[PDB]
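One structure is given here, and the rest of the page talks about it.
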Amino acid sequence: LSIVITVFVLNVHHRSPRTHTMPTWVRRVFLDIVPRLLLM
Amino acid sequence: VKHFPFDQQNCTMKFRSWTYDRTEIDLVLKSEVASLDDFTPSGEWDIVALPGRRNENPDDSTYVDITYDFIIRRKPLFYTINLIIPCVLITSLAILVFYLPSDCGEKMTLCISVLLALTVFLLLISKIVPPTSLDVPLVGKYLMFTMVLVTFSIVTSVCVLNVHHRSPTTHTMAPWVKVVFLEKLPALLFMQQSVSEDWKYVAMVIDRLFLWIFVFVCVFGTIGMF
Amino acid sequence: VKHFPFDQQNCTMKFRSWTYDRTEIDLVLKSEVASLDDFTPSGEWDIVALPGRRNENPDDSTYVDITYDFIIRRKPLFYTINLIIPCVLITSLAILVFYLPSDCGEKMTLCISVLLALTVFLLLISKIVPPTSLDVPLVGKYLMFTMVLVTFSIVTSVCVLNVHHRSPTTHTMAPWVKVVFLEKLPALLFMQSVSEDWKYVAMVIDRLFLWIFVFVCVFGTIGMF
Amino acid sequence: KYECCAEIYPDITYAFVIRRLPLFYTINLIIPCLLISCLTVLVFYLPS
Ligand SMILES: *[C@@H]1O[C@H](CO)[C@@H](O)[C@H](O)[C@H]1NC(C)=O
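Those protein sequences? They're chains A, B, C and D, same order as listed.
Positions 293 to 332 (the deposited numbering) are the ones given, in order, by the first sequence.
Positions 134 to 326, 333 to 365 (the deposited numbering) are the ones given, in order, by the second sequence.
Positions 134 to 325, 333 to 365 (the deposited numbering) are the ones given, in order, by the third sequence.
Positions 196 to 243 (the deposited numbering) are the ones given, in order, by the fourth sequence.
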């Protein structure tokens with residue numbers, strides 16, 4: 293299950309907005325979840 | 134061994150006389166089921182049923198024997214835990230290689246190591262079973278079919294990784310690829326819309348096409364069990 | 134053993150006398166095959182013919198023996214499933230290091246893994262078959278020839294990967310490679333910046349060397365006929 | 196002449212001089228060893 297999680301993480305690392313579309317909701321939850329886990 | 138490791142084995146026993154024949158001694162049975170109340174239990178093989186009967190040959194007439202049948206059954210736990218679970222945990226990583234991005238530099242490690250772990254499991258399953266060439270088990274058919282699926286993924290992965298790393302000065306490539314491969318994709322259900336970033340969007344179409352038809356046969360051929 | 138494992142063995146069985154000889158007892162046959170009435174079938178091996186001969190030496194004239202021959206055919210399924218299918222599925226990836234582009238840095242992993250997998254299969258057919266040197270089986274000969282082809286591929290692949298990563302800061306550049314490697318292209322049916337011209341020469345010298353591997357791999361496997 | 200007794204004892208010693216026909220270990224052991232032994236000096240040609 294760690295190899296399935298790290299192939300999903302390595303897929304989501306190398307994206308770019310020329311070939312993808314940013315989620316219309318991902319900004320709120322991920323800039324919400326960076327100070328819950330003490331990171332910037 | 135076809136339904137390994139859930140099978141129902143059958144082993145017989147002949148008792149025949151040795152220097153005499155049918156017109157001299159005559160073997161009569163006494164009880165149709167042989168006695169089983171001095172049995173210590175056996176651990177792995179439980180005994181289902183155990184009859185015994187007298188055979189005599191109607192055109193030879195110098196032949197009596199008494200044959201017993203043992204119908205034994207596996208208890209399937211230990212071989213499931215050691216050879217069905219790591220087999221399935223290896224062979225679920227066949228379809229994984231198309232969900233890598235090509236830019237990471239880590240495709241060939243994954244698909245080459247999946248092929249070598251699969252052929253190691255094929256040789257150890259073939260060291261357990263006998264070398265009777267009449268029949269194959271269902272584990273060996275399934276492992277050979279997923280190994281030919283993995284080397285087909287080797288060939289289309291190196292063709293994808295050659296398609297990805299092209300350049301504007303070397304590869305020109307003509308209208309056909311633009312006309313087909315920017316029209317194919319919303320019938321493949323993407324959501325998208333200057334040559335060096337054009338080639339990587341050619342490469343992220345074709346493996347997404349090949350992820351569709353390799354999750355196709357992995358649920359199509361695995362109802363070749365039924 | 135030459136057609137392993139589709140072979141057809143021939144195993145002898147001799148019978149003589151132990152104390153006596155031809156001027157005291159005289160062996161003779163009854164019927165010219167052995168009786169196969171109580172032969173239960175075996176599984177692995179299957180009989181074809183069982184002749185029986187009586188031999189006699191005309192230079193000695195005190196010698197009889199009765200020899201049986203068993204001519205046995207092997208059922209070929211088991212060693213096909215374990216040894217012929219992974220050998221052909223590994224040797225189908227020998228000529229595929231050339232089509233791989235040199236930027237990704239994955240030529241050494243593919244070609245080293247193919248060479249070590251062929252050496253492991255060569256040691257398994259070493260440990261099964263008998264160690265006579267009167268003959269050599271066709272699977273080990275074919276695996277040794279494709280091993281020679283794979284290590285020739287690894288020496289030319291490291292030379293291609295050296296000539297890809299040059300630069301005008303290092304290499305002087307010589308016009309001999311211009312007059313060879315811009316005349317070469319319509320003999321290889323191509324079409325088409334000092335640093336990037338070295339990336340074009342390493343995309344030619346492998347596709348020359350792809351064309352002499354498919355010249356060889358449909359000359360060797362044709363040559364087993 | 197042995198250690199126990201003072202008489203001498205005859206015996207016959209046979210000697211067997213046998214060679215090994217060498218093609219099987221040639222085709223299966225020193226061909227892959229000598230074939231991967233030419234790959235040892237190659238890594239310096241490879242660019243860093
Ligand atoms: C078990 O094997 C014997 C021997 O062939 C046969 O007579 C018998 O019918 C078999 N029974 C089962 C249930 O397979």
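Note that beta-carbon positions come from the ideal geometry of N, C-alpha and C, so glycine has one too.
Taking the C-beta atoms as reference points, C:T145 is found no nearer than 8 Å to C:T195. A residue is listed when its beta-carbon falls short of 7 Å from at least one non-hydrogen atom of ligand 1; in chain order these are B:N143, B:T145, B:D202 and B:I204. C:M280 carries a helical assignment under DSSP once its states are collapsed to helix, strand and coil. In the structure shown, C:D198 falls within a strand segment according to DSSP collapsed to helix, strand and coil.
Excluding sequence positions up to five before and after B:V293, its CB lies within less than 7 Å of the CB of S235, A342, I345 and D346, all in the same chain and listed in chain order.
Assignment of C:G185 by DSSP, reduced to helix, strand and coil, places it in the strand class. With fewer than 16 other Cβ atoms from the protein chains shown falling within 10 Å of its own Cβ, C:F172 counts as exposed. Sorting B:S300, B:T302, B:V296 and B:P301 by C-alpha distance to the C-alpha of B:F314 places B:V296 at the top. The straight-line gap separating the alpha-carbon atoms of B:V247 and C:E316 is approximately 43 Å. Taken in chain order, the whole beta strand (DSSP E) runs of length 3 or more contained in the segment 142-194 of chain C are 178-182 and 185-189. In the same chain as B:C357, and ignoring 5 residues on each side of it, the C-beta atoms closer than 8 Å to its own belong to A227, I228 and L282, in chain order. A:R310 is a Cβ neighbour of B:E336, given a cutoff of 8 Å. By the beta-carbon neighbour count (other beta carbons within 10 angstroms, threshold 16), C:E239 is buried. If the five residues before and after B:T224 are omitted, its C-beta is found closer than 6 Å to the C-beta atoms of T279, all from its own chain and listed in chain order. In the three-state scheme derived from DSSP, where H, G and I count as helix and E and B as strand, B:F203 is classed as strand.
Contact residues of the segment 234-255 of chain B toward chain A are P234, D236 and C237 (C-beta to C-beta distance below 7 Å). At a cut-off of 8 Å between C-beta atoms, B:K311 does not count as an interface residue with respect to chain A.
Rounded to the nearest angstrom, the Cβ distance from B:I204 to B:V181 is 5 Å, consistent with a contact under 8 Å. At a C-beta separation below 7 Å, C:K208 has these neighbours in chain B: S266. A:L330 and B:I218 have their alpha carbons spaced roughly 39 Å apart. When only Cα atoms are considered, D:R214 and B:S286 end up about 50 Å apart. For A:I297, no Cβ of chain B is located within less than 8 Å of the residue's own Cβ. Only buried fits C:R299, as 16 or more other CB atoms lie within 10 angstroms of its CB.
Rounded to whole angstroms, B:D140 and B:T361 show a C-alpha spacing of 20 Å.
If you check each beta-carbon in the segment 218-242 of chain D against every beta-carbon of chain C, the ones closer than 9 Å belong to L218, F219, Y220, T221, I222, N223, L224, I226, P227, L230, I231, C233, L234, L237, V238, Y240, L241 and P242. Secondary structure note for C:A250: its alpha helix (DSSP H) is the uninterrupted segment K240 to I261. Counted as a single uninterrupted DSSP element, the stretch harbouring C:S266 is not any alpha helix (DSSP H), since DSSP gives it neither H nor E. For A:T311, the C-beta contacts it makes with chain B under 9 Å involve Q325, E336, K339, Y340 and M343, in order along the chain. Inter-residue distance for B:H304 and A:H305 is about 28 Å (C-alpha atoms, whole angstroms). For B:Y212, the enclosing alpha helix (DSSP H) starts and ends at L210 to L216. Distance from the CA of B:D170 to the CA of C:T252, rounded to the nearest whole angstrom, comes to 56 Å. For C:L229, no CB of chain D lies under 8 Å from its own CB, so it is not counted at the interface with that chain. Taking 8 Å as the Cβ-Cβ cut-off, the segment 275-289 of chain B approaches chain C at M277, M280, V281, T284, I287 and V288, given in chain order. Annotated three-state conformation of B:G273 is helix, per DSSP.
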